[PDB]
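**Student:** The structure's right below; bear with me while I get my questions together.
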Amino acid sequence: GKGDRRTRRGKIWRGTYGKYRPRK
Amino acid sequence: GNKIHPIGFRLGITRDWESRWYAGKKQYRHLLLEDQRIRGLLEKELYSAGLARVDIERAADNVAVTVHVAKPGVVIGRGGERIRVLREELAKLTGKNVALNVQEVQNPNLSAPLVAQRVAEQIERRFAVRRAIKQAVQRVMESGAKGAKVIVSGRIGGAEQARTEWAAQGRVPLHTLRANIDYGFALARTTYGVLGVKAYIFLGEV
Amino acid sequence: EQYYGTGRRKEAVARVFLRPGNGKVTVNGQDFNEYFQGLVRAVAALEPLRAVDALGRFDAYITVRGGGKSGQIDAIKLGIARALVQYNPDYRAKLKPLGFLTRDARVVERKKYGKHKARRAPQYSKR
Amino acid sequence: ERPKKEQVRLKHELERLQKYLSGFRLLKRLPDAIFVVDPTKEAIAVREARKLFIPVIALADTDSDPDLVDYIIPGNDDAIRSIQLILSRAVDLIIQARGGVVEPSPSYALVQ
Amino acid sequence: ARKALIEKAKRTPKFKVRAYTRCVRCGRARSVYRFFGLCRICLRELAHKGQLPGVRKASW
Amino acid sequence: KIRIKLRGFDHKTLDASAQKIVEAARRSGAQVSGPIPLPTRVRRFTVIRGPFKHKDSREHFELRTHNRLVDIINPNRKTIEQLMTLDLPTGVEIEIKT
RNA sequence: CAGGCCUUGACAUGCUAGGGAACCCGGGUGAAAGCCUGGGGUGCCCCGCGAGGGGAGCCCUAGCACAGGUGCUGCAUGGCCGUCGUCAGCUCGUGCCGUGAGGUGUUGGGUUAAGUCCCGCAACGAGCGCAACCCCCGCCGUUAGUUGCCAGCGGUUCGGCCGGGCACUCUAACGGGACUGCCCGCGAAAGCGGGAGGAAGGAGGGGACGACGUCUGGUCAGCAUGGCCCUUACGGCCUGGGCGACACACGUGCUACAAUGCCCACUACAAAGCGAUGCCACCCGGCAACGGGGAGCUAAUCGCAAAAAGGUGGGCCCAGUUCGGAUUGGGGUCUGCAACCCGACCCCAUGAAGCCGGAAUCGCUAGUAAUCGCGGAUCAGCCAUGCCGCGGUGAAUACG
Ligand SMILES: [Mg+2]
Ligand SMILES: [Mg+2]
Ligand SMILES: [Zn+2]
């Protein structure tokens, strides 16, 4: 969920970006 | 104790800011540390005249430093020598062109920060606090006022039992905005500790 | 020619227009049924137009901007009702009887300090 | 000016002010005496006067204790008959020491 | 141990890492506002006074 | 042609002194797009009332920076003497660009 | 806290003394602090050809008076806050009853959110409270237009982009509105219930405002301050450690145990703020953190920016699982003298407990509760899931 860093929501709630939530 | 500052509460209406200028973010902390350090020496070497306000206005490197006093016969000096060294002490720390107007006091008995100091003193002089309060009130009313309220903190007569002296007359609507109630706070530094004085001179309705 | 209505509700703002004609309806340069596709609430906005009987008499062009995909729909329902009350004085018997006229003062209130969400106070210990 | 608030208010305030003080204006000085119907009724009054040494005249009956009335009018205190007969010739003997002897005063209008 | 520190804070002869803030009127290092140069206490204090230009009580 | 900003704090003074430069610029030649009100920039900071440890019922104030723009259409040598010398800002600021 | 140092002391001011005096650049030892040490030479007040000499600021050394203390006492205090409690209450003046404490008013009847108001009454007034004055959303208007719009003819490289325009929208300054003033019903009134008009009635919905006072409440550690206590140290510098230690227990919170769901590509709708060695558009290097260049902003004109839930159709098919992200190994990146203690971000792999929670217990009456996302302040960075603000979706129930 919003705790698993490696997800689309886990990247959102934690206000950071990565391979699993890049900048467009 | 509660009750929000009657000055900060009227600020919207009634009381016009006791320092009304502007300053973008970049510089404000400094015009602030200035205005402040200024009131720091104007309330020391000038209290002998007893100032009850220091308005300060600005625009670009000029300053108002307007001082309101009930006794300006020590503010101007003996012909124009005193204030001559007070526009000097000002620009001494302030690298600007600091002016200095002066208004008087249409009733030191109708100014609160004045009556608050008027009492503050009587306490460091060992006066009967009860009477020094019932008095500093009966002084404001005999002298054209609608309401008066004077409050002393603890250690009256130096008593190890800290009390709280309370004296009022007429009307003092502190929940009202159309109160125009002057207020000011003076201390007192007696040997038996610290004292406190609140001054509630309700002036005009509307 | 054009029939304008002042749509607005809960930080949303809809500018509705009415040119006599087909029946089509547009919102922000996109079909009405395509912009609000998946919202079973959408077709409720055109509800005053079904108590006046004149849906296929008015080609609605709306440009709503601000609020939420639904808050907009509420504002739209005011400007679909307020727009056909202007060009028709007898059409006052659907904006008052069938209450269709109010901005719905139902706005989000301020969050108070010591109140997680304006009213939902924190957890109580006592122990 | 004055919002519709103070108009309803200040009006009412004058209304009642009036309601109770229609006759208690006149002299702004302590009455040299007082005349009263049923003294046991407004004995409160009688007390005031008595505590102030103000002479007291009044029309008391058996309902009322004589002793505490300085000048005593012994007679009916309810039927409007006797009341007018003693109020009349009392206020009549009042003006007969100022001049202006008149006819009786308004009394009958539904007097039985 | 407060006096030496109020001056030790102004003094930036050591790394800019250690160069924190500090309330101007009182030696308060916490709840310092970069804008006013005061802490939460003094801020409220001066604002109640009016010595804070265009700084007014909130009412929304 | 010439743009003039009016920043400051008080909306009663920042309003009167931004309507003065509206009748004295029309009297000095070119027209002047009247006093325009752009969005006010708020600055709210919250401080705990208690000097000690009272995280609840605290107190916060605002700082209302009221912007106000005014534009003069044509750069006379007339207005340039009315404005460049009629500097009367009591607690106000004014920028000038082109 | 251990260790290594400094005493007219890190900061104030006053006075005395030969020397030097304003200041800049170093070196030796050392963990740093500190201690020791090597180099240019000064516009000043002035007798003076000059040498030279007096000398005022500042500075350096010695000495002196004293600085300094987050050391104790918040039952010695100021200031300020919490609290009962937005509770309807709390008192004074005169008169009156009482030997007096003290009543009376402020009780009684009716009404209201309320000592709100009316009617009563040995009382009649008044003050502090309540309400009212103040701010927000509201409904509408005047003034003002670089945000806004084929809204109208217009040209348009096909994006309000260009012309062109204040009608919209908005922005923000000022006003109008709602007052038991109209109709019905009850009554002596205050007043209530019912209805029309209206964007909105009977304080319209939220704020700011919290009475004499109570808790010998809280704070000497923000500060102020009475007394006490310390002074080559209870002061002061600095290097490191510590406040993050852990067999446990409580509180407050975050994420969940799943199909009203998790996961992927793609597509939409907020508000409020915020930004100069600061927010970073567009590029290229990198799975990425981020990193090389680089347009724009003094900021309704550019940037943070993507809002998320939601909309479209696609895969998992009830499985400790594609549910759930702790734990740990390995490899990195950014701020910073420094990430071992003890930072956050990033990638691969580890994939723990938990399948809805004993007894007990908390919140909320409508845009509320729940649920989703964003900003700000503090701040190099950040252990923020915290706090203060903002809005999108939007209920359940109130017999008593
Ligand atoms: Mg009252
Ligand atoms: Mg409630
Ligand atoms: Zn402070």
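The first residue you see is number 1, and the count goes up from there.
If you check the header, you will see the structure was determined by X-ray crystallography, 3.0 Å.
Even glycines carry a Cβ here, placed using N, Cα and C.
According to Swiss-Prot, the record shows the following:
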type    : residues                           : note
BINDING : E:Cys23, E:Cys26, E:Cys39, E:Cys42 : Zn(2+) binding site
**Student:** Using DSSP and three states only, what is E:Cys42 (Zn(2+) binding site)?
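**Tutor:** It is helical.
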**Student:** Inside 8 A of the center formed by the CB atoms of E:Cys23, E:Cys26, E:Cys39, E:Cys42, which other residues of the chain have their CB, for the recorded Zn(2+) site?
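**Tutor:** Not counting the recorded site residues, we get E:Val24, E:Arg25, E:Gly27, E:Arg28, E:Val32, E:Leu38, E:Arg40, E:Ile41, E:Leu43.
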**Student:** Rank the binding-site residues E:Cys23, E:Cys26, E:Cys39, E:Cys42 by how many other Cβ atoms lie within 10 Å of each Cβ and give me the one with the fewest.
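**Tutor:** Checked E:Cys23, E:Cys26, E:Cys39, E:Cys42; of these binding-site residues, fewest Cβ neighbours within 10 Å: E:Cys26.
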**Student:** If H, G and I count as helix, E and B as strand, and all else as coil, what does DSSP give for E:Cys23 (Zn(2+) binding site)?
**Tutor:** coil
